[PDB]
């Protein structure tokens, strides 16, 4: 039984693909594989106050189909919270509510997702040229292999730690903050260091300050202070569907300009409200004569070691150009993520995937990896296209349009 398309990973990207497949008139067969037990959308960072960084109109389908049964508005309506939400006049739902949206959409979905199923490899199907791929799926019980004419790889970002620092029972990446935090005695985290100047670092510091009144926090970051995230309307147009074409069709020189001028829309920046909330907290503590938030600016974390009952963090100060040690209970590294890379999974298919001058995968406008003739099945990327398609590639900004374009591409090449 050969599938038209197999989806690796079931995050918002492949979920929107599933929605696009269902809404398409095209009769396409599909299977989706998620390693986790259920949809799990950055749950390590599902902090109490956390807000979406994208408007509710940017959901699973709305920009492609303005009357989708899978829209956020449909969700609110079924949950009897549309009127309430509307009264709030805020475009940004909580991360918690959006997670419920994802689960709700997955349930409404006709197709049944295969959970606890880790794709361990993708191998060429029989033939030359290769017209199908073999997908190795490892469940808790057995292992199996499915065959598909197309694959869509959407396995998400991979946590990035600072150069000389390894995850530990006392050094956590921000992606696994709540995982470790919940398991911990309250009075076993009175001193916490958080490295980074982005949204994650800011949200964790805010949470720590608000969670206990005694916790002392050291926010270590290279900038002189948090930099604001730009989502003013003109700059925000880089997230437009049409901006994908501008980026894709533009010269390397234009592509560079996107990053040079608009990196501050997405990376190493913090939402206005979070910055201001942190600043008020610091101010009020000063008034009260009880400072707890220590902003260690113009600085990098360069090492961490466990010494008795302390986590010894080595901090490099750019101002003085020297290192020193900071003793805390826990070091949280909110130091970001590296992009999705299909290379690992593609194993030997990769040989046939054409690279560019930089060493990156060549991808067509329709998100399909460029291959030699020796390979003829479709390999589509949702994620890992920051160099070809631009800043929206790993975001929720353009799920609706990308998923639709991929389905169309698949229908057209089967067509």
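Numbering follows the first chain given and starts at 1. For clarity, a rigid core is taken as the largest C-alpha set superposing within 1.5 Å between two forms.
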Practice task
Kindly name the stretch, out of 208 to 216 and 266 to 274, whose CA atoms are displaced more from this form in 5 other deposited structures of this protein after the core superposition?
Solution key: 266 to 274
Handout entry: Higher-deviation segment by CA RMS in 5 other deposited structures of this protein, core fitted, 179 to 187 or 97 to 105
Key = 179 to 187
Completion exercise
Once average C-alpha B-factors are taken from the entry for 369 to 377 and 63 to 71, the winner is 369 to 377
Handout entry: Mean Cα B-factor comparison, 286 to 294 or 134 to 142, giving the higher one as deposited
Key = 134 to 142
Problem - Top residue by Cα temperature factor, when 87, 215, 94, 114 are compared in the entry - result: 114
Handout entry: Residue of maximum C-alpha B factor among 124, 156, 336, 222, per deposited coordinates
Key = 124
Completion exercise
Of the three thirds of Cα B-factor ranks in this chain, residue 51 occupies the lowest
Exercise for the section: Sorting the chain's modelled residues by C-alpha B-factor, tell me whether residue 276 ends up in the lowest, middle or highest third. Expected result: lowest
Exercise for the section: State the tercile, meaning the lowest, middle or highest third, of residue 27 with respect to the CA B-factors recorded for its chain. Expected result: highest
Problem - residue 262 - Cα temperature factor, lowest/middle/highest third of chain - result: lowest
Exercise for the section: State the tercile, meaning the lowest, middle or highest third, of residue 193 with respect to the CA B-factors recorded for its chain. Expected result: lowest
